[PDB]
Amino acid sequence: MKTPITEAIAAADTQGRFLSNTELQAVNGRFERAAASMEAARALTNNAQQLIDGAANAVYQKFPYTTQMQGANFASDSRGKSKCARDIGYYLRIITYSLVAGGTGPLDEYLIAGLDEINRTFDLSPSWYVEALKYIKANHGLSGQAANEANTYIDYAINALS
Amino acid sequence: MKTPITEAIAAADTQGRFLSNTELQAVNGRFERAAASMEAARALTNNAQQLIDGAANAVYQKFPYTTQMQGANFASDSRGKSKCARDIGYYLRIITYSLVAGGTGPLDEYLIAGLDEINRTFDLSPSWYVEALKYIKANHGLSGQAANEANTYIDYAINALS
Amino acid sequence: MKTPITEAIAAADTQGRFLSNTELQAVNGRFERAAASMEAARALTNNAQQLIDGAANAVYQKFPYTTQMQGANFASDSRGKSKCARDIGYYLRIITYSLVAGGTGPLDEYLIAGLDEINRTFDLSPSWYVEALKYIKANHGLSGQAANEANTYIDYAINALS
Amino acid sequence: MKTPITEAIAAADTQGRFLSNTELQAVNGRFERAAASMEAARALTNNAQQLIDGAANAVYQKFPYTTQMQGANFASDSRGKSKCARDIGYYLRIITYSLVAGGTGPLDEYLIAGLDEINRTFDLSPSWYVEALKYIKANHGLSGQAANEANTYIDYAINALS
Amino acid sequence: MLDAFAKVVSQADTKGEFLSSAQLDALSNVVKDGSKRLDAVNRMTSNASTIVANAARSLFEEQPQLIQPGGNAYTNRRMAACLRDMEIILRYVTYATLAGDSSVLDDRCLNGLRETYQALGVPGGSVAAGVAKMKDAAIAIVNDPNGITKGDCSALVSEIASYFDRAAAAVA
Amino acid sequence: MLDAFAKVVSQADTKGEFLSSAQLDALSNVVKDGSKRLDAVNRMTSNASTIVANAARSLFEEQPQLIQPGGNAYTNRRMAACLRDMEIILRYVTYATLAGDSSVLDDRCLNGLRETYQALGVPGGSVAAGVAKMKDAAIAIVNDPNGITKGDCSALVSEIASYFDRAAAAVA
Amino acid sequence: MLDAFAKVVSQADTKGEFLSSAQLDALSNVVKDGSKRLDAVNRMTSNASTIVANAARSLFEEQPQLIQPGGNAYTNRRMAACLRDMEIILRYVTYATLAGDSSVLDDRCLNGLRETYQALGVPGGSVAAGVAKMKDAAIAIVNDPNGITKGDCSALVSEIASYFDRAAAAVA
Amino acid sequence: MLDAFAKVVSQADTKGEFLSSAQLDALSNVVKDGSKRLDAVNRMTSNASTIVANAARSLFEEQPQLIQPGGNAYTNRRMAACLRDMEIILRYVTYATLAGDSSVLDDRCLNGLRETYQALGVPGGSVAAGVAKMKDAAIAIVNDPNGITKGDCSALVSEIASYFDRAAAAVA
Ligand SMILES: *[C@@H](C)[C@H]1/C(=C/c2[nH]c(/C=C3N=C(/C=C4\NC(=O)C(CC)=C4C)C(C)=C\3CCC(=O)O)c(CCC(=O)O)c2C)NC(=O)[C@@H]1C
Ligand SMILES: *[C@@H](C)[C@H]1/C(=C/c2[nH]c(/C=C3N=C(/C=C4\NC(=O)C(CC)=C4C)C(C)=C\3CCC(=O)O)c(CCC(=O)O)c2C)NC(=O)[C@@H]1C
Ligand SMILES: *[C@@H](C)[C@H]1/C(=C/c2[nH]c(/C=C3N=C(/C=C4\NC(=O)C(CC)=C4C)C(C)=C\3CCC(=O)O)c(CCC(=O)O)c2C)NC(=O)[C@@H]1C
Ligand SMILES: *[C@@H](C)[C@H]1/C(=C/c2[nH]c(/C=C3N=C(/C=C4\NC(=O)C(CC)=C4C)C(C)=C\3CCC(=O)O)c(CCC(=O)O)c2C)NC(=O)[C@@H]1C
Ligand SMILES: *[C@@H](C)[C@H]1/C(=C/c2[nH]c(/C=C3N=C(/C=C4\NC(=O)C(CC)=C4C)C(C)=C\3CCC(=O)O)c(CCC(=O)O)c2C)NC(=O)[C@@H]1C
Ligand SMILES: *[C@@H](C)[C@H]1/C(=C/c2[nH]c(/C=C3N=C(/C=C4\NC(=O)C(CC)=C4C)C(C)=C\3CCC(=O)O)c(CCC(=O)O)c2C)NC(=O)[C@@H]1C
Ligand SMILES: *[C@H](C)[C@H]1/C(=C/c2[nH]c(/C=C3N=C(/C=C4\NC(=O)C(CC)=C4C)C(C)=C\3CCC(=O)O)c(CCC(=O)O)c2C)NC(=O)[C@@H]1C
Ligand SMILES: *[C@H](C)[C@H]1/C(=C/c2[nH]c(/C=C3N=C(/C=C4\NC(=O)C(CC)=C4C)C(C)=C\3CCC(=O)O)c(CCC(=O)O)c2C)NC(=O)[C@@H]1C
Ligand SMILES: CCC1=C(C)/C(=C/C2=NC(=C\c3[nH]c(/C=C4\NC(=O)[C@H](C)[C@H]4CC)c(C)c3CCC(=O)O)/C(CCC(=O)O)=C2C)NC1=O
Ligand SMILES: CCC1=C(C)/C(=C/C2=NC(=C\c3[nH]c(/C=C4\NC(=O)[C@H](C)[C@H]4CC)c(C)c3CCC(=O)O)/C(CCC(=O)O)=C2C)NC1=O
Ligand SMILES: CCC1=C(C)/C(=C/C2=NC(=C\c3[nH]c(/C=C4\NC(=O)[C@H](C)[C@H]4CC)c(C)c3CCC(=O)O)/C(CCC(=O)O)=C2C)NC1=O
Ligand SMILES: CCC1=C(C)/C(=C/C2=NC(=C\c3[nH]c(/C=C4\NC(=O)[C@H](C)[C@H]4CC)c(C)c3CCC(=O)O)/C(CCC(=O)O)=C2C)NC1=O
């Protein structure tokens, strides 16, 4: 996995040397930000079901037709709503993965890769998930740097869908 | 020049992209360590003359022949004493450069390059300067991470001579 | 092994020819100088222990701290002094090897290769061994061309440490 | 040009370094052999005319048809005798060049190159000149290593014709 | 390339003297405001598309022939190329902002840009106008006091605006 | 390779689970001990020469046949190669310490190493003894209470000892 | 390249005549002094660093702006380059000394050197001064009567000084 | 490869010993016989043609089927190849003689040679006989007391005979 620590170590190893003072400063920066990172991850993991259901409802209100039109790709019945909550949970879970790891590695490998083909095949509009992420961003309740970390990784998720 | 900030910027520019959160974390590590780095630079610059003279006298006390034997490469007379003080001043000046820059760049560029041939040609033993830097390390009056930074770059100079 | 004779033979063999008059003249030069070479080697091998102990004592007087400071790399006890005499004996033995062979081959392969890492790792200052070699050079008691041969190979040893 | 001294210097210059002790030994071999080489050169130059005339007469005595058969390539008349004396003079002159230079360089460069086509075109048998050089070898009046050197380069000329 | 520390160290090495207390104080102030600097860089990069959009909207409002038939930004090709240009220039400005020095922006982005644009027929004056509007949008976003700790970022804003005007003057 | 966070995240992804409060708290403890972890890594790299020296000294005292004629570390070439191996294993231990996971040590250093030594004729047991003595010297340098804010580093020390023992068990 | 023997042989081959007794006598004297010549070459190469150091010390004493800020030999880079230059020129002088002919020094070292130095901004006059000081130091070391057999080396010293002045005149 | 000095030095290095007075005196004897050794090498190379000729003559008298139709040395190609092999073995013997050690002869000539001959169909026993006859001719040329300062060369002669017998035993 790509993490700041693993990248530092791989840079040291390519040149066959010990870790320099610069790489130690970089890993120190990762550790310093990791307090906010883990705070945001713990918050998003505790409020998991609340945020998932709130984001699903946000998508439903913002796009009313997803609760009305018949079709397997919409959420007009219980199966669709379960699938939609499950998808939003996937997104949020991998975002917590990234927050824990400290980089976009988990999002790049576990979510974004192949996402466009999944969405095109099953006719899932990316703007639905953009709205879900926007709700999660506006309602995690975090403040300060934990909020900023959660926001950067949610935004990274948003840019993949855009 | 090779600073952590310039290295992060060059990494981002090679991939023709904006700065990533990993790189911003690394630059923040540099900024958080820069407080101690700048305190150490300020201290070593303010007490520059005391440190230079004390290091020269430590070298003399440890290797007494340098004050006794005749020959241009020794400190038996005033010209030799002044040349040695100038040399230790060059070492300390460039170490403060490196503390300011936050990396080994200035030490790699302004001191260590060609140092071996310089010392071989004028018959200057590297162990003299090793002892001078050991004195400077033992007498800079810094405590904590400022002392840790000063000793990091002083030991970097020591290993370039060994 | 690289010797003048082996180099002559390898030059003859690369071109698939017999030895030319020029190569015979070169090998004659080696043989002519080999009288002084073997004289110096025999002298340095007979006076082995005397020269080893004298050089150790020269290093101790020139660098008094090596008999006072505690530490495994110094000679403040019996173990350190035994190790130091052993090292100086290694140097002198390989120098006699070179004198016998007629070239720097033995010094390059049996001593100099890896010497810098050995000295850096165990904190053995090369200037100690430079002083030991200087004593051996000033006190072999040889005269004329045997002295000159011993001096060239001792100096070659000195340059490796510088 | 290709002399032992120039070859040693070129070897040192290819590696961008000062001259080594091996190369100085080889150049000393050249200098020690140069006494005999110069004695042989001096002798062959002083007795040049006697040696040339004696060699021509030896060729005539061994191959009598060269004095009897008509044709421009023979020595039946005065023009042929003079051409043959001039040729043997060229051979001896260049052999003295080689003794002076200390290598086969002048013989390789001034005589042997193109010699085969010259002799083929003007129908000159190489065995004539072989016999002339055998006479010169048998009648130079040198003893010891000067004779050894003279015979070395004369046999070198002999093998270029065989 | 150079950052602030590297520029000062180069100028001190070329004179052969220690850093004066003035230079030490200036670089220590840079260190103290480092968190504000990271905030500026983060806000400018994570809002880059919004900055480009605002600048382009203003530029096309006051120079509408740009998006009209025959205009130098009419077709999808030329529109996307103009947006790429503005995002490139903003990216190099964020580089200079992180470095605290304009050397990267001058050497890797601005040097020779006016010649490129005039060889391409791209009107450099309107490019400079778009850069100035990028400056306005970026400074608006950076100075936004919501979601952040209250503090004075006037020096940083002035430095960023100096970078933006340096970019606009290199093609105007 | 993996660090601690990456290992936990990979195991979570395989099960399709959010991290449990166990894993969250463990990684939070890693984050709060990060400064001491950096201290351990810095102290091991800055004194790598002395660690190798003390370990090799103790080993050669214990097994003097190693540095006598015929020994496997007798000539200058063999001695320098042995010290090189010592510093290599130490460097990968420092990697694992910074990462908080032994993946880099196993994959990039320990794997196939016993076979390499048995093919070269190097006594793997002696290498393991030297690795243990490196462990002792490195722990002595890490726990040295001078010049450092006093605290408990026993968890990091046990982790580092585990990395060293893993390295030693891979060649014995 | 040429040595003394080769130069004489080339000039005699171009005229097509045997060596006169004068040329034979000159080359035989070269052979007789060959051991002195080897002594000069050996002393100049094995004391090369001392020769360069003495010359540089004198040169910087009389032209101190060379080692002062802004001087052409101030920084570690330019200092090491100046020392490399002096060691190179001394090496080619030792080549010519072993050859007994300046052809190698002219063709491989001096030809085009003034153009190089003036294109680089290296002051050729001070280079020539440093070469002359190298000459003084080298001749001092060669003529040292200790550790050697007493004898006249005035001709050899004059030849070496001619090489040194040829080098100094090629850049002055 | 090795010469005598190199073999003694390698064996000394393996044991970590100074040379014993035995080895010192042996190598001093080599040095004092150096002139006669050079004489042997020069006499063998300068008369390599006659050595090969005498050996081949004696061999072809002894084994006339070699140079009759169907013989293994009958055609011009086979004859020239046989003389080439003779001169090759002689050249490597001269190498070994100059070196005072047979290493070059074994490693660069004798190794795998019996297999090469048995694969080519060349009678190895006949090659060995020719090598012995080369030995006889070469010793006759070396011990010829004319034109040389009289002395004892019996040690060198036995050494050269040992090299020749080693060459012969490698193909029979
Ligand atoms: C909007 C800002 C204005 C404008 C823009 C426009 N630009 C181009 C084409 C090019 N732009 C560049 C610029 C750069 N390339 C780099 O690598 C860098 C920095 C390192 C810069 C600053 C270049 C090189 C080109 C030509 C090659 C290319 O297109 O990639 C165009 C396209 C012009 C055309 O297609 O003919 C346009 C339209 N257009 C406007 O109307 C605005 C004034
Ligand atoms: C002017 C632009 C506005 C302003 C700036 C400002 N920022 C801070 C304090 C902090 N900013 C950060 C952000 C980061 N730290 C990092 O390492 C990284 C890289 C990932 C980032 C993006 C942090 C962590 C802090 C400290 C924590 C905190 O909440 O304070 C301040 C506070 C003063 C200071 O310098 O510490 C200020 C003033 N604030 C405004 O109101 C301006 C509009
Ligand atoms: C265990 C090895 C010993 C120990 C550790 C210890 N250290 C600290 C406090 C700090 N350590 C650092 C280290 C770094 N910051 C960096 O950026 C880098 C790389 C360039 C390093 C190596 C820092 C900054 C601090 C805070 C300032 C300070 O000096 O206190 C502590 C206390 C704080 C904490 O644990 O979080 C401890 C316990 N102390 C011992 O007694 C052990 C022998
Ligand atoms: C001290 C003697 C003076 C001086 C020296 C100086 N020289 C250079 C840089 C160069 N020197 C050379 C010379 C040679 N290269 C060769 O191969 C040979 C012979 C075969 C010679 C004579 C060259 C080619 C260069 C340029 C390339 C390089 O550096 O290798 C410098 C460096 C100049 C710079 O860095 O800008 C210096 C300083 N400086 C003084 O102050 C003395 C007057
Ligand atoms: C003028 C430079 C000083 C001087 C020269 C001088 N040298 C010798 C004699 C010898 N010099 C050597 C040195 C070597 N011979 C070699 O083959 C090699 C290459 C490895 C070297 C370095 C030798 C061997 C001799 C002969 C032995 C001896 O000790 O004499 C002399 C003696 C006269 C002569 O030409 O033979 C002289 C005069 N002596 C001085 O006093 C000048 C200061
Ligand atoms: C044994 C083969 C026969 C023999 C040998 C012998 N030779 C000499 C004396 C000298 N031999 C040389 C030879 C060379 N010097 C070189 O530089 C070269 C290569 C270019 C060679 C081949 C020299 C210079 C001498 C000294 C001058 C002289 O002619 O005497 C000796 C006597 C001296 C000694 O042994 O050291 C001997 C015994 N003599 C025989 O009777 C053997 C048949
Ligand atoms: C909710 C925002 C809207 C929506 C939801 C919805 N999704 C699906 C079916 C699928 N969703 C996925 C997505 C993923 N699977 C993965 O492994 C990953 C990476 C972590 C992702 C992003 C997939 C693959 C499917 C199809 C296969 C499956 O069921 O797992 C559906 C069902 C559509 C169907 O045809 O079955 C629905 C309804 N629809 C809405 O109206 C919501 C607004
Ligand atoms: C004496 C000049 C000073 C000194 C001596 C000293 N040396 C050592 C330990 C070692 N010395 C070596 C050197 C070599 N071993 C080789 O094989 C070769 C090539 C021939 C060399 C040059 C090595 C490898 C060691 C360490 C392993 C060993 O003991 O063999 C010590 C002991 C240091 C230690 O930590 O054990 C000492 C004391 N110290 C002084 O103060 C003298 C002035
Ligand atoms: C920053 C890059 C740089 C370095 C490193 C440097 C070092 C340096 N020190 C020198 C001289 C010297 N250095 C010393 C110092 C010493 N002798 C003793 O006995 C003392 C123990 C010891 C002090 C530690 C002395 C005595 C000299 C004069 C030697 C001479 O003039 O030959 C010289 C010869 C030229 C000169 O006089 O300036 C150089 C180049 N110059 C540079 O530009
Ligand atoms: C150094 C390089 C060199 C060589 C080698 C050389 C040889 C040489 N000898 C020639 C003629 C000759 N050489 C001879 C000599 C001989 N005929 C006999 O019967 C004698 C036995 C024998 C003497 C050994 C004769 C007779 C000629 C004249 C043949 C003719 O004119 O066709 C010619 C024809 C051109 C001329 O007349 O000069 C050449 C080129 N010239 C050179 O520049
Ligand atoms: C990145 C991972 C990596 C590892 C792990 C590594 C180890 C390694 N050590 C080697 C040699 C060696 N290793 C040793 C070490 C020892 N001898 C002793 O007596 C001691 C027990 C011990 C020192 C503690 C020696 C002596 C050799 C040379 C073997 C020989 O030359 O015969 C070799 C092959 C020959 C060589 O390179 O010199 C390898 C590949 N190289 C790598 O790239
Ligand atoms: C540097 C080491 C080296 C060696 C030793 C060597 C020997 C050698 N001799 C060969 C052939 C040969 N060698 C001989 C020699 C002999 N026939 C007889 O009747 C005699 C007993 C004897 C002569 C004394 C012959 C006849 C051939 C050619 C075989 C054929 O064409 O059928 C060949 C292969 C074919 C060829 O090259 O022509 C080799 C490799 N080449 C090398 O490079």
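Every number here is computed from the coordinates shown, using simple stated rules; none is lab data. With ideal geometry, Cβ positions are generated from the backbone for all residues, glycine too; neighbour counts draw on all protein chains shown.
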(request) Using the Cα centre as the reference, give the magnitude of the dipole from point charges on the C-beta atoms of the protein assembly as shown (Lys, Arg: +1; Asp, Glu: -1; all else neutral), rounded to the nearest 20 debye. (result) 40
(request) Can you spot the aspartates and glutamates whose alpha carbon is less than 15 Å from residue F:36's alpha carbon? Ignore those fewer than 8 places along the same chain. (result) A:32, F:144, F:152, F:159
(message) Checking the cross-link filter: which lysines have an alpha carbon closer than 17 Å to that of residue H:7, excluding same-chain neighbours under 8 positions apart?
(response) C:2, H:15
(message) In region F:1-45, whose amide N lies under 16 Å from the spot 7 Å out along Cα-to-Cβ of residue A:90? List them in ranges.
(response) F:13-18
(request) Calculate, for residue G:78 and residue E:103, the FRET efficiency according to 1/(1 + (r/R0)^6) with r their C-beta to C-beta distance and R0 25 Å; round to the nearest 0.05. (result) 0.60
(request) Please list, or write none, the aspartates and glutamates whose alpha carbon is within less than 13 Å of the alpha carbon of residue D:83, excluding same-chain residues fewer than 8 places away. (result) D:53
(request) Please give the average number of partner chain Cβ atoms lying within 10 Å of the Cβ of each residue in C:119-130, rounded to a whole number. (result) 5
(request) Quick one: Debye curve from the alpha-carbon atoms of the protein assembly as shown only, equal weights, vacuum; give me log10 I(q)/I(0) at q = 0.04, 0.06, 0.09 Å⁻¹ to two decimals. (result) -0.38, -0.78, -1.23
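Averaged over its residues, how many other protein chain Cβ atoms are within 10 Å of peptide C:65-75's Cβ atoms? Show your work: numbers first, answer last.
Numbers: counts 4, 0, 0, 0, 1, 0, 0, 5, 3, 0, 0.
Average neighbour count from other chains, rounded to a whole number: 1.
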(request) Please name whichever of D:26, D:161, D:103 sits farthest to the positive end of the charge dipole of chain D, dipole taken about the Cα centre and charges placed at Cβ: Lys and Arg +1, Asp and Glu -1. (result) D:161
(request) Alpha carbons only, please: Rg and Dmax for chain F, in angstrom. (result) 17.9, 61
(request) Please turn the phi angles of region B:105-113 into ³J(HN,Hα) values with the Karplus equation 6.51 cos²θ - 1.76 cosθ + 1.60 (θ = phi - 60°), one per residue in order, whole Hz, x for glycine and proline. (result) x, x, 5, 5, 9, 9, 10, 5, 6
(request) Treat every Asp and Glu Cβ in region G:22-67 as -1 and every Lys and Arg Cβ as +1, leave all other atoms uncharged, and give the resulting dipole magnitude about the Cα centre to the nearest 20 debye. (result) 160
(message) For chain B, what are Rg and Dmax over the alpha carbons, in angstrom?
(response) 18.2, 62
(request) For region G:86-167, divide the Cα radius of gyration by the Kirkwood radius and give the resulting Rg/Rh value with two decimals. (result) 1.02
(request) Provide an ascending nm list, one decimal, of label-point separations from residue C:65 to the equivalent residue in each further copy; define each label point as 7 Å from Cα along Cα→Cβ. (result) 1.5, 8.4, 9.3
(message) Show me, bin by bin at 10 Å from 0, the whole-percent P(r) of region C:21-92 based on Cα pairs.
(response) 19, 33, 19, 15, 10, 3, 0
(request) State the volume of the convex hull built on the alpha-carbon positions of region C:62-101, expressed per residue in Å³ and rounded to an integer. (result) 61
(request) Describe numerically, in nm with one decimal, the distance between label points set 7 Å from Cα along Cα→Cβ at residue D:76 and at residue F:35. (result) 11.6
(message) Out of all Cα-Cα pairs in region H:46-120, roughly what percent, to the nearest whole number, are more than 22 Å apart?
(response) 32
(message) If the elastic network links every pair of Cα atoms under 10 Å, which of D:121, D:104, D:45 fluctuates the most in the Gaussian network model of chain D?
(response) D:121
(message) Cα atoms only: what Rg and Dmax, in Å, come out for region D:78-162?
(response) 12.7, 39
(request) Compute the acute angle (0 to 90°) between the alpha-carbon long axis of helix B:48-62 and the principal axis of greatest extent of the alpha-carbon atoms of chain B; round to the nearest 10°. (result) 50
(request) Once you've got the Cα coordinates, tell me which of D:62/D:137; G:32/G:150; D:137/H:32; E:32/F:150; B:62/C:62 are over 18 Å apart. (result) D:137/H:32; E:32/F:150
(message) Starting from the 7 Å offset along Cα-to-Cβ, what nm value, one decimal, do you get for the label separation of residue F:158 and residue A:11?
(response) 3.3
(message) What do you get for the angle between helix B:21-46 and the principal long axis of chain B? Use alpha-carbon atoms, 0 to 90 degrees, nearest ten.
(response) 30
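Residue by residue through C:8-14, how many Cβ atoms from other chains fall within 10 Å of the Cβ on average? Present the calculation step by step, with values, prior to reporting the outcome.
Working: counts 6, 11, 4, 0, 6, 7, 0.
Counting other chains' Cβ atoms within 10 Å and averaging over C:8-14 gives 5.
Compute, for chain A, the length of the dipole vector about the Cα centre, with Cβ point charges of +1 (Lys, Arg) and -1 (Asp, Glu) only. Units Debye, rounded to 20.
Working: 14 positive and 16 negative charges, 72 e Å.
Dipole about the Cα centre, nearest 20: 340 debye.
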